[PDB]
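Reading through the structure tokens given below for one structure.
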Amino acid sequence: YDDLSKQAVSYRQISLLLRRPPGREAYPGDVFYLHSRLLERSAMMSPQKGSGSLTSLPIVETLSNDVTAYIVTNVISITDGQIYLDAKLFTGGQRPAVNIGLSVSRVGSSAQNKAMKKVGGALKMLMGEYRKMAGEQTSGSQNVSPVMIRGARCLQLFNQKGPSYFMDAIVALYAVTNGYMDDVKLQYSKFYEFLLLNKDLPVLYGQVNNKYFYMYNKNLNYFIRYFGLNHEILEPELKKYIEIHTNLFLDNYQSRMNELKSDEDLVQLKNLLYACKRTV
Amino acid sequence: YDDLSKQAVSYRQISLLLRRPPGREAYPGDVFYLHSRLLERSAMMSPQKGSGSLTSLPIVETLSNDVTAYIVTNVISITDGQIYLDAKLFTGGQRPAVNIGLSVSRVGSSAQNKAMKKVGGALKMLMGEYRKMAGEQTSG
Amino acid sequence: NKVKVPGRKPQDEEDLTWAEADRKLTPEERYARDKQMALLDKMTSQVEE
Amino acid sequence: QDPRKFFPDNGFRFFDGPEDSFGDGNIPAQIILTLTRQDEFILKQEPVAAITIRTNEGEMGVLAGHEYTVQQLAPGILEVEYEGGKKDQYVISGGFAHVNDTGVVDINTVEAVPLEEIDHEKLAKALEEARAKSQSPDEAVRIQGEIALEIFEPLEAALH
Amino acid sequence: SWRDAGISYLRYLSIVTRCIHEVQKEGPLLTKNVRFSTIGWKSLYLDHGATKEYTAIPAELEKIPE
Amino acid sequence: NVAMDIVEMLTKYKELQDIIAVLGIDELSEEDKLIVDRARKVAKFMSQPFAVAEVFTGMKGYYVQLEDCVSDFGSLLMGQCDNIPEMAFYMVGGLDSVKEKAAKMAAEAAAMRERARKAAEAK
Amino acid sequence: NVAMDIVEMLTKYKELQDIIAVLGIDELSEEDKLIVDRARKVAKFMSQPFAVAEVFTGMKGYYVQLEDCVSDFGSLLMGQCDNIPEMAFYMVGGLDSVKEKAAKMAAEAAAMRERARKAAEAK
Amino acid sequence: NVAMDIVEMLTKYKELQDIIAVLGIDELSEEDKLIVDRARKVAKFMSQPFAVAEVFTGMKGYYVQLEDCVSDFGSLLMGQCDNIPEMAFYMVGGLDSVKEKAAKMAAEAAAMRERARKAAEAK
Amino acid sequence: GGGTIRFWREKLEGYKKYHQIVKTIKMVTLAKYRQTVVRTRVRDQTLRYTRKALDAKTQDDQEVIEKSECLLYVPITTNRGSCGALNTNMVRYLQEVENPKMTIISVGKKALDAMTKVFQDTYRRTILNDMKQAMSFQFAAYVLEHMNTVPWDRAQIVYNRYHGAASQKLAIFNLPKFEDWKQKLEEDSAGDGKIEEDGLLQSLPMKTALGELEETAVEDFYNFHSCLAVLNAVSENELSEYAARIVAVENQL
């Protein structure tokens, strides 16, 4: 549902022209029951009724980042969660501009999957620890904590333009929470992911000891989605893929990157990193 | 009176349901005159009238330490003084949690006794300086 | 040579900060982490001793 | 870039040192004393009739028109004598005395306290401590006791 | 004597000053003067991101630099 | 008395975030830093994992009895547990669980320290 | 990319304005004051004279071309032009005009210094 | 003119009272301490009694005319009445009455001196 | 609209609390300034023979760099901020004077984060006096013992001179090297007395009488006077800090 505030302006027009009494912010008063009737139809139906479902992703415009307007409160009271998009972060560079402090979900682990439950349980703790430190201008540049590193890398990974496959996300977040992407600098956090998902380095550089685990098939997702990476068979192969990817990266690409001093090559690299932020 | 803010809400209900013209914060205009009908009956009577007296201690609840509200501004405009309690002091062990700077009695010393005027003048000259000193000193 | 200011560009240094996190509580967090690390190190020594 | 926006002053120039004289042919009648502890003076260009300093070579005595001589001050006492015949004794902790032919004295020290601010009772305790420290065979304590005794012995001799 | 032991003239002056501060009477002047002998300072130097003490030149007067 | 003392401490805690935000922790007395750390431990300690919040927390709930609920807060009120770290109080029940979590965190910290030692030994 | 980086820089400058107006620029880290000087140069550069406003700005109007606008902002973004003062970016179009204005201002400031020297000598 | 000069004097005295609490009265120049004394005299001179309260406090009231007040404040601004102390101006009306108070103060001090001197000399 | 008014009310209370806090800082700094101003009556007398010994004509830089091998610049910064432009102007002077042969040993915490980000390799360390106990001759002895780690050929001690409560300007002490000072002392003791710079004093009799003085005593003379110079610098910067903080706090208010 695109802007429901417009759906309420239409109801206000209809009501007030029909000589209905106004209310708060000019609305008739029963504009809450409107969205209630609309959104309570969302459900995950019982097996008696076919195990069907329909998700609802209503959209509400906001004026100067206020959540005090009548319609916004009426809808937050109805909807389970919310995905708060802040202009200060959109304008602040990062896109999508979700604010985790104000965005929540009242379903949690039960919605997401086995493979994603463990990663989210790690990421929630990492972000709760990183929120307390991230306000500090990094001064202990070598004395920085692991959390300050992993949280920044995860925020880099959160930058997107389009969607991402499940297999193309769990591995990228696993490398962050487990610290495999700690030696590379922040700016290269997404070029790393691009090579991790679309340019298999061990298959290129010949370091192929893993039996099956490679990020080219796109069908391993349905094994991760069932067994989970925290399993006897996927965990060691995952480690013996990511560690060689990090090693080959740090050796060949990171070293070549830091050696750039020319303005032309530096800008070429800059545009490449932004492009990797976009496509991935 | 515990308390007149709710008396005002009741008057507002009675008025609006009877379609009396509304006003600020959906209160009628003469809601001030209501409390003046009441609080002005409090008085120290004359020696021609038995020398009786009626004191009043009207309570009025604030919200987020607001004093610019309508009922509060009216009762302050009416009363012969005021008492201002604070929650920041109620939580800090200062119970009663007064705010001496905002608490006022226009009846300053004529109410006090012979023994109390001296002590109260001393405590005023003490607290007026204690406030200036504690406000500017560090936490340490 | 002047300054290695951080930024989004690779020649610039890491910007580990997060605009979402508040700066008002940062000094209290710094002091808390320093005190906690000191206590943990002292506990390491006390457990060995 | 701005071409040298800053042009700092030399701090030496904020002081007013005496200018030495050759062949002036006039002898001062009374010196102009200036005693300074760590940074602050206790006396600024006071007329003084005489002064008496202690050194490693021995005790010296300065009067008006004394020859230009610059030398250490051994840690001990320092006597000033005004034109009125009175006196003022000061304990010091090293320094350098700069005398002038024109009649100026700059006794720059690290400390300067009158004898009146010292008590013999408190001194007697420090004496045996410094002595027994000198007895202890250890380079860290022996030298410290020697220095403390070096400053205390003239005090114990002068208070008596 | 203390000369060849390595300690400089200025540490010797400071020790004599500390002794004079010990012996002198209780009063305002001693309150002014104890400040001029007590040891509170340090040295420090920045690592890549952290602080570290440069303890090669000690503040305590008994010791000798190396 | 314990409740009123905690409520009296937290108001000073507010008045001291008012200051630390500007000056810094260095510009407060040690008697003030003590109550700052105590209130900072109390605020994190009064957090509690619930059995219903297993979905969000991923941690089993704890049922804290009232008597233990006073002995623990009073022990923290009078400095009886100041050597214990701060985060050990985060999202636990009684004081026994706090000491368990402190022992845990010290174990993982020694693990990171010796792993850094072995990483320096390796390269 | 240049536009997004410019917008990010101005976002940080807006957050730092809350401190600059209260304390001052001196209480910022070296990185932050560099970011402030750069964002101030960006904001001043964003202004340009128009032919319509010749009555007011007292300057001939410029038509900054699109291709020349990106290279200028990118050079101002990569630190390629930091020795230029801030006021050189005010009410100009293109970095070449900025350098011309900086030359004019430097010449005028020098000439004022030699004029003051001549006046002091004659004084 | 007299009123505007008094307003300027009082504004300057406020600025200097925002310094005396900082530095001290000796930090000011010889001109500034003069206007400080004059402004204190002016402020004490504004204090006027009232015939309304004459029964309560006992002191008389003074109905001072307009032009006489102008001549008084002009004399006090011109400095031709500066030898008079500050406390004489307190709670009086007109320059022709503060002089009575000053004569009373001087005679009372002389009487205390005569009393004390003879009391010490007799013993 | 309720969120807007609540936000503005919270910002109002924040500014009020911030105001009284800054007012408290002003009171503390005022107490320290009223203590330290007692020095102003008594200063300006201890360094005059030090001037006479160490001072030389204004030597242009570019010749000093070619003459020398490792200069030294000692900036005396503060321990805590809200001072003004003292630290920033010191850093600006040094990056104005920056040359391949320099080394920086500073005094203060604010010289630790700033200089290291401007001067990567030349900056070495700093010295910190927690000002609970007033500075001393042995603090300057500590600073000399730190400076002497280098075989420096010239030491430019930068500091802030307190001309008045509204005037805290820069100032420098250009200290020579001991061996060079002794050689210049001899070469100027031989020839006649002729000043080569206005405002400079003749000291030929002093430069002879020091020749009458033995070697160890002349080394002690040098070190003692350099220590007094450092001490005057520290005291003047202390007072300048406490005087400029009031200005940089009233403007904040």
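In the structure tokens, each chain is lettered A, B, ... as it comes, each chain's residues begin at 1, and ligands are numbered from 1 in order of appearance.
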**OP:** Tell me the residues of chain G close to chain D, meaning within 10 Å using only C-alpha atoms, as a PyMOL selection string.
**Re:** chain G and resi 82-85+106+109-110
**OP:** For chain B, work out the contacting residues on chain I at 8 Å, counting only C-alpha atoms, and write them as a PyMOL selection string.
**Re:** chain I and resi 20-21+23-24+27
Contacts of chain C with chain I up to 9 Å, shortest pair per row, only C-alpha atoms, as JSON lines:
{"residue": "C:1", "atom": "CA", "partner": "I:118", "partner_atom": "CA", "distance": 7.2}
{"residue": "C:2", "atom": "CA", "partner": "I:118", "partner_atom": "CA", "distance": 5.4}
{"residue": "C:3", "atom": "CA", "partner": "I:117", "partner_atom": "CA", "distance": 5.7}
{"residue": "C:4", "atom": "CA", "partner": "I:117", "partner_atom": "CA", "distance": 7.4}
Give me, as a PDB file with C-alpha atoms, in the first residue's frame, the residues of chain B touching chain F, with the criterion being at most 10 Å (counting only C-alpha atoms).
ATOM      1  CA  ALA B  87       9.543  15.144  41.195  1.00  0.00           C
ATOM      2  CA  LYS B  88      13.290  15.530  40.687  1.00  0.00           C
ATOM      3  CA  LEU B  89      13.465  16.381  44.394  1.00  0.00           C
ATOM      4  CA  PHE B  90      10.854  13.820  45.405  1.00  0.00           C
ATOM      5  CA  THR B  91      13.092  11.120  43.925  1.00  0.00           C
ATOM      6  CA  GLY B  92      16.228  12.637  45.458  1.00  0.00           C
ATOM      7  CA  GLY B  93      14.966  12.085  48.988  1.00  0.00           C
ATOM      8  CA  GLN B  94      13.821  15.689  49.447  1.00  0.00           C
ATOM      9  CA  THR B 138      30.847  21.638  40.903  1.00  0.00           C
ATOM     10  CA  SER B 139      29.734  18.078  41.532  1.00  0.00           C
ATOM     11  CA  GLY B 140      32.890  17.394  43.510  1.00  0.00           C
TER      12      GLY B 140
END
**OP:** Using only C-alpha atoms, find the residues of chain A whose closest atom to chain C is at most 8 Å away, then write them as a PyMOL selection string.
**Re:** chain A and resi 89+92+99+101+131-138+148-149+152+185-188+258+266+269-270
Selection above as a file: N, CA, C and O atoms, as a PDB file, in the first residue's frame:
ATOM      1  N   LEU A  89      20.268   9.851   7.439  1.00  0.00           N
ATOM      2  CA  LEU A  89      21.116   8.758   6.993  1.00  0.00           C
ATOM      3  C   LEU A  89      21.078   8.580   5.485  1.00  0.00           C
ATOM      4  O   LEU A  89      22.102   8.266   4.872  1.00  0.00           O
ATOM      5  N   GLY A  92      22.860  11.261   4.691  1.00  0.00           N
ATOM      6  CA  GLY A  92      24.138  10.975   5.291  1.00  0.00           C
ATOM      7  C   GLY A  92      24.954   9.944   4.562  1.00  0.00           C
ATOM      8  O   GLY A  92      25.970   9.488   5.088  1.00  0.00           O
ATOM      9  N   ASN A  99      16.894   3.031  10.188  1.00  0.00           N
ATOM     10  CA  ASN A  99      17.356   3.370  11.526  1.00  0.00           C
ATOM     11  C   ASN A  99      16.985   2.215  12.443  1.00  0.00           C
ATOM     12  O   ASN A  99      15.808   2.019  12.757  1.00  0.00           O
ATOM     13  N   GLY A 101      17.583   1.795  15.543  1.00  0.00           N
ATOM     14  CA  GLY A 101      17.124   2.174  16.864  1.00  0.00           C
ATOM     15  C   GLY A 101      15.634   2.400  16.921  1.00  0.00           C
ATOM     16  O   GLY A 101      15.022   2.254  17.982  1.00  0.00           O
ATOM     17  N   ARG A 131      26.570   0.368  18.911  1.00  0.00           N
ATOM     18  CA  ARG A 131      25.848   1.619  19.077  1.00  0.00           C
ATOM     19  C   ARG A 131      26.446   2.454  20.193  1.00  0.00           C
ATOM     20  O   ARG A 131      26.422   3.687  20.133  1.00  0.00           O
ATOM     21  N   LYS A 132      26.972   1.800  21.220  1.00  0.00           N
ATOM     22  CA  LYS A 132      27.517   2.506  22.366  1.00  0.00           C
ATOM     23  C   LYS A 132      28.884   3.112  22.084  1.00  0.00           C
ATOM     24  O   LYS A 132      29.254   4.112  22.710  1.00  0.00           O
ATOM     25  N   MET A 133      29.639   2.534  21.152  1.00  0.00           N
ATOM     26  CA  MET A 133      30.986   2.985  20.838  1.00  0.00           C
ATOM     27  C   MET A 133      31.072   3.855  19.597  1.00  0.00           C
ATOM     28  O   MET A 133      31.970   4.698  19.510  1.00  0.00           O
ATOM     29  N   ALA A 134      30.148   3.692  18.652  1.00  0.00           N
ATOM     30  CA  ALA A 134      30.296   4.291  17.335  1.00  0.00           C
ATOM     31  C   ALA A 134      30.282   5.810  17.373  1.00  0.00           C
ATOM     32  O   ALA A 134      30.746   6.444  16.421  1.00  0.00           O
ATOM     33  N   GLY A 135      29.774   6.413  18.442  1.00  0.00           N
ATOM     34  CA  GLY A 135      29.840   7.854  18.551  1.00  0.00           C
ATOM     35  C   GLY A 135      31.233   8.395  18.772  1.00  0.00           C
ATOM     36  O   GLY A 135      31.437   9.606  18.643  1.00  0.00           O
ATOM     37  N   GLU A 136      32.189   7.533  19.097  1.00  0.00           N
ATOM     38  CA  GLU A 136      33.559   7.945  19.349  1.00  0.00           C
ATOM     39  C   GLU A 136      34.317   8.017  18.033  1.00  0.00           C
ATOM     40  O   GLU A 136      34.358   7.040  17.278  1.00  0.00           O
ATOM     41  N   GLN A 137      34.918   9.171  17.766  1.00  0.00           N
ATOM     42  CA  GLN A 137      35.890   9.270  16.690  1.00  0.00           C
ATOM     43  C   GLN A 137      37.025   8.299  16.970  1.00  0.00           C
ATOM     44  O   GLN A 137      37.656   8.368  18.028  1.00  0.00           O
ATOM     45  N   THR A 138      37.267   7.384  16.031  1.00  0.00           N
ATOM     46  CA  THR A 138      38.265   6.341  16.234  1.00  0.00           C
ATOM     47  C   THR A 138      39.638   6.951  16.490  1.00  0.00           C
ATOM     48  O   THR A 138      40.228   7.592  15.615  1.00  0.00           O
ATOM     49  N   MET A 148      34.026  -2.595  17.011  1.00  0.00           N
ATOM     50  CA  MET A 148      34.039  -1.390  16.197  1.00  0.00           C
ATOM     51  C   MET A 148      34.377  -1.710  14.753  1.00  0.00           C
ATOM     52  O   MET A 148      33.925  -1.017  13.837  1.00  0.00           O
ATOM     53  N   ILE A 149      35.174  -2.748  14.530  1.00  0.00           N
ATOM     54  CA  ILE A 149      35.494  -3.156  13.171  1.00  0.00           C
ATOM     55  C   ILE A 149      34.291  -3.837  12.540  1.00  0.00           C
ATOM     56  O   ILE A 149      33.806  -3.428  11.478  1.00  0.00           O
ATOM     57  N   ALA A 152      31.209  -1.698  11.654  1.00  0.00           N
ATOM     58  CA  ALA A 152      31.389  -0.837  10.497  1.00  0.00           C
ATOM     59  C   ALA A 152      31.358  -1.639   9.207  1.00  0.00           C
ATOM     60  O   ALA A 152      30.764  -1.209   8.210  1.00  0.00           O
ATOM     61  N   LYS A 185      40.343  -2.828   4.825  1.00  0.00           N
ATOM     62  CA  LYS A 185      39.814  -1.574   5.315  1.00  0.00           C
ATOM     63  C   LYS A 185      38.340  -1.447   4.952  1.00  0.00           C
ATOM     64  O   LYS A 185      37.778  -2.246   4.201  1.00  0.00           O
ATOM     65  N   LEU A 186      37.711  -0.425   5.526  1.00  0.00           N
ATOM     66  CA  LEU A 186      36.268  -0.281   5.424  1.00  0.00           C
ATOM     67  C   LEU A 186      35.827  -0.034   3.989  1.00  0.00           C
ATOM     68  O   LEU A 186      34.824  -0.596   3.538  1.00  0.00           O
ATOM     69  N   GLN A 187      36.578   0.783   3.252  1.00  0.00           N
ATOM     70  CA  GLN A 187      36.151   1.193   1.921  1.00  0.00           C
ATOM     71  C   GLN A 187      36.071   0.019   0.958  1.00  0.00           C
ATOM     72  O   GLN A 187      35.272   0.045   0.016  1.00  0.00           O
ATOM     73  N   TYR A 188      36.875  -1.014   1.177  1.00  0.00           N
ATOM     74  CA  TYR A 188      36.906  -2.186   0.316  1.00  0.00           C
ATOM     75  C   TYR A 188      35.987  -3.291   0.803  1.00  0.00           C
ATOM     76  O   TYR A 188      36.095  -4.426   0.331  1.00  0.00           O
ATOM     77  N   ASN A 258      46.350  -0.306  -2.194  1.00  0.00           N
ATOM     78  CA  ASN A 258      47.022   0.694  -1.374  1.00  0.00           C
ATOM     79  C   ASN A 258      48.194   1.355  -2.089  1.00  0.00           C
ATOM     80  O   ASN A 258      48.615   2.441  -1.681  1.00  0.00           O
ATOM     81  N   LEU A 266      43.027   6.453  -8.694  1.00  0.00           N
ATOM     82  CA  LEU A 266      42.286   6.519  -7.444  1.00  0.00           C
ATOM     83  C   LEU A 266      40.808   6.769  -7.696  1.00  0.00           C
ATOM     84  O   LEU A 266      39.947   6.166  -7.047  1.00  0.00           O
ATOM     85  N   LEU A 269      39.200   3.623  -9.056  1.00  0.00           N
ATOM     86  CA  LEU A 269      38.914   2.707  -7.967  1.00  0.00           C
ATOM     87  C   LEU A 269      37.718   3.171  -7.149  1.00  0.00           C
ATOM     88  O   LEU A 269      36.885   2.354  -6.744  1.00  0.00           O
ATOM     89  N   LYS A 270      37.613   4.477  -6.909  1.00  0.00           N
ATOM     90  CA  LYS A 270      36.497   5.015  -6.142  1.00  0.00           C
ATOM     91  C   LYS A 270      35.176   4.690  -6.813  1.00  0.00           C
ATOM     92  O   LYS A 270      34.236   4.191  -6.175  1.00  0.00           O
TER      93      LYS A 270
END
Chain A contacts on chain E, only C-alpha atoms, 8 Å, as a PDB file with N, CA and C atoms, in the first residue's frame:
ATOM      1  N   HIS E  48      50.357   4.079  17.585  1.00  0.00           N
ATOM      2  CA  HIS E  48      49.511   4.210  16.406  1.00  0.00           C
ATOM      3  C   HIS E  48      48.177   4.852  16.750  1.00  0.00           C
ATOM      4  N   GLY E  49      47.601   4.476  17.887  1.00  0.00           N
ATOM      5  CA  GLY E  49      46.364   5.066  18.350  1.00  0.00           C
ATOM      6  C   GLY E  49      46.272   5.283  19.845  1.00  0.00           C
ATOM      7  N   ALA E  50      47.223   4.747  20.607  1.00  0.00           N
ATOM      8  CA  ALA E  50      47.131   4.672  22.056  1.00  0.00           C
ATOM      9  C   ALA E  50      48.277   5.429  22.712  1.00  0.00           C
TER      10      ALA E  50
END
Per-residue DSSP, segment 72-154 of chain I, filtered to helix (DSSP H, G or I), as a short mmCIF file (atom, residue, chain, number, x, y, z; two decimals) with C-alpha atoms, in the first residue's frame:
data_model
loop_
_atom_site.label_atom_id
_atom_site.label_comp_id
_atom_site.auth_asym_id
_atom_site.auth_seq_id
_atom_site.Cartn_x
_atom_site.Cartn_y
_atom_site.Cartn_z
CA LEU I 86 46.53 29.22 21.88
CA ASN I 87 47.05 25.60 20.87
CA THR I 88 45.86 26.17 17.31
CA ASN I 89 48.13 29.17 16.84
CA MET I 90 51.08 27.21 18.20
CA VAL I 91 50.40 24.45 15.68
CA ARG I 92 49.99 27.03 12.93
CA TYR I 93 53.33 28.61 13.77
CA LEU I 94 55.06 25.26 13.65
CA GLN I 95 53.53 24.19 10.34
CA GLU I 96 54.53 27.65 9.12
CA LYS I 110 46.43 18.75 23.41
CA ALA I 111 49.85 18.57 21.74
CA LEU I 112 49.37 14.79 21.63
CA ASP I 113 46.37 14.40 19.33
CA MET I 115 50.61 17.47 16.29
CA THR I 116 50.71 13.74 15.58
CA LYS I 117 48.05 14.26 12.91
CA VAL I 118 49.89 17.23 11.40
CA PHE I 137 62.41 24.10 38.97
CA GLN I 138 62.58 20.31 38.83
CA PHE I 139 59.69 20.17 36.37
CA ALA I 140 61.80 22.29 34.06
CA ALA I 141 64.69 19.98 34.95
CA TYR I 142 62.54 17.09 33.74
CA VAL I 143 61.87 18.98 30.53
CA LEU I 144 65.59 19.65 30.06
CA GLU I 145 66.35 15.98 30.63
CA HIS I 146 63.82 15.22 27.90
CA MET I 147 65.22 17.81 25.49
#
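Taking only C-alpha atoms, the non-local environment of segment 8-23 of chain E within 7 Å (same-chain residues fewer than 3 positions away omitted) comprises residues 93, 94, 111, 118, 122, 123, 147, 148 and 151 of chain D; 30, 33, 34, 37 and 61 of chain E; 138, 141 and 220 of chain I.
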